[PDB]
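Worksheet: the structure to be examined is printed underneath.
Quick reminder, even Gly has a Cβ in these numbers, built from the backbone with ideal geometry, and neighbours come from all protein chains shown. All of this is worked out from the model, or read from it or from the source named; no laboratory read-out is quoted.
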Amino acid sequence: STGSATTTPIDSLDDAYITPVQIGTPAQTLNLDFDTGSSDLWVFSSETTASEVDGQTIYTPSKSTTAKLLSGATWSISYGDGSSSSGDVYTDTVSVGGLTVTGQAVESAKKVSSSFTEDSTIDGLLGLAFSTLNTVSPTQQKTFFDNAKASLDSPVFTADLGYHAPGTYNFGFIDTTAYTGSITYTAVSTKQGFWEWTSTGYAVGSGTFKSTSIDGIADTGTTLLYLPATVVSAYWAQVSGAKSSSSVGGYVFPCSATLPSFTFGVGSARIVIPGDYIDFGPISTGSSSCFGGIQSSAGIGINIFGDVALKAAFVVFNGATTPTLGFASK
């Protein structure tokens with residue numbers, strides 16, 4: 001089997017991407033944030049504290065003839081950005097772009113943190129990291145991909161995120177028309193539960209490539225590109241007037257600037273992030289100070305190849321017995 005679904009930016013800045021997901025019978029379609037940095041499929045629901053729901057579409061398990069409460073199971077998750085959610089668990093039928101999993105754990109939120117409430121466009125998350133990170137207790141549950149894997153034509157999914165435009169998540173096949181040149185594959189460590197890999201270096205603009213190992217995670221659920229302070233400083237030094245602002249929480253730059261591109265290495269291959277991808281707009285409405293899309297990972301404890309990086313590529317998440325990652329230009 002295969003599946004293919006369009007993923008759409010939630011706003012004009014590509015702060016996140018939502019993908020429609022069918023849950024239950026009859027289908028209840030929710031727009032979920034596909035997150036290769038976590039491993040829970042959780043949804044706003046009829047069980048979510050009413051004051052914490054503000055415009056989201058909810059899953060109502062009592063209206064699904066295939067929903068079954070997973071007795072005694074609870075979940076609770078905290079994300080790198082400080083947000084969190086928790087609740088109980090159903091199993092139900094879940095379909096993405098024509099690919100159907102029966103008995104998928106659907107984690108129903110009883111509580112969500114304010115940032116979730118405040119974002120009306122995201123109805124929940126669909127985790128695509130390794131199932132070892134799943135938070136369901138006392139019996140850990142499998143991700144949608146893990147459940148689908150054996151049925152897929154090939155045990156892979158691909159992320160093709162758009163810049164200010166829709167893109168695609170495919171399951172079970174590689175669309176050879178969706179990228180240019182070849183896909184370069186690179187080793188993955190699953191030891192921390194992530195799609196963790198080592199970039200071979202970077203360049204700023206038309207500058208020389210610096211060969212240096214950068215361990216980080218391919219994370220579709222993180223907006224920005226978080227890299228070591230040395231790398232980030234080298235980037236922003238090429239933007240007149242750019243500075244790190246403790247009050248804002250990162251590098252800012254004059255909105256009048258033209259940003260240089262940023263290249264990262266995948267083996268001997270190179271992925272070029274155009275400068276415009278690194279512009280996250282005014283820090284506050286009407287400001288002429290703009291927020292940067294490349295930020296320091298210092299104090300995160302891990303480098304993160306988030307959407308800023310991934311949307312410059314066609315990305316293969318290869319879930320073979322030994323997982324790997326592939327990157328192509330597009």
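Here region 202-241 is the region considered, the condition is being of a type in the set (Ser, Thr, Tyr) and closer than 11 Å to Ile294 by Cβ, and the residue that is surrounded by the fewest Cβ atoms within 10 Å (Cβ to Cβ) is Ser233. Just one of the numbered conditions (1) touching a residue at least 24 places away in the same chain (Cβ under 8 Å); (2) touching a helix residue (DSSP H, G or I) at 6+ places or on another chain (Cβ under 9 Å); (3) not aliphatic (A, V, I, L, M) is not true of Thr258: (1).
The single residue among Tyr179, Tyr169 that is out of contact with any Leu (no Cβ under 8 Å at 6 or more places or on another chain), assigned by CATH to the domain that holds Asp307 and within 18 Å of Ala328 (Cβ to Cβ) turns out to be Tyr179. Restricted to region 7-40, and to residues that are part of a strand (DSSP E or B) and more than 13 Å from the chain's Cα centre (by Cα), which residue is nearest to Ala105 (Cα to Cα)? Only one residue fits best here, namely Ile23. Of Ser256, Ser199, all but one fail to be of a type in the set (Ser, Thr, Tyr) and buried (at least 17 other Cβ atoms within 10 Å of the Cβ); the exception is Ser199. Look at region 198-222: where a residue is among the small types (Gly, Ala, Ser) and a partner is crowded, with 23+ Cβ neighbours inside 10 Å and assigned to a loop (DSSP other than H, G, I, E, B), sitting 6+ places away or on another chain with Cβ atoms under 7 Å, you get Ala218/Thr36; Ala218/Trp195; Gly221/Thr36; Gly221/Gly37; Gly221/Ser38. Scanning region 53-80 for residues that are touching a residue at least 40 places away in the same chain (Cβ under 8 Å) and within 23 Å of the chain's Cα centre (by Cα) yields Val53, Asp54, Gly55, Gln56, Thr57, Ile58, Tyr59, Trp75, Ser76, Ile77, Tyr79, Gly80.
Scanning region 110-129 for residues that are of a type in the set (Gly, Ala, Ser) and under 25 Å from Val315 (Cβ atoms) gives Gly124, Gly127, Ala129.
Tell me, which residue of region 280-311 that is crowded, with 19+ Cβ neighbours inside 10 Å and either free of Cβ contacts under 8 Å to residues at least 24 places away in the same chain or charged (D, E, K, R) (or both) is nearest to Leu227 (Cα to Cα)? Going through the qualifying residues, I end up with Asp307. Among the candidates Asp92, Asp14, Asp81, the residue that is outside the structural domain of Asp276 (by CATH), touching a helix residue (DSSP H, G or I) at 6+ places or on another chain (Cβ under 8 Å) and farther than 22 Å from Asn134 by Cβ is uniquely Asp14.
The strands (runs of 3 or more DSSP E) found entirely in region 125-232 that carry 2 or more residues being within 18 Å of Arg270 (Cβ to Cβ) and out of contact with any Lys or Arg (no Cβ under 6 Å at 6 or more places or on another chain) are 184-187, 196-204, 210-218, 225-227. Of all the criteria given as (1) assigned to a loop (DSSP other than H, G, I, E, B); (2) more than 20 Å from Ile214 (Cβ to Cβ), the one not satisfied by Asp276 is (1).
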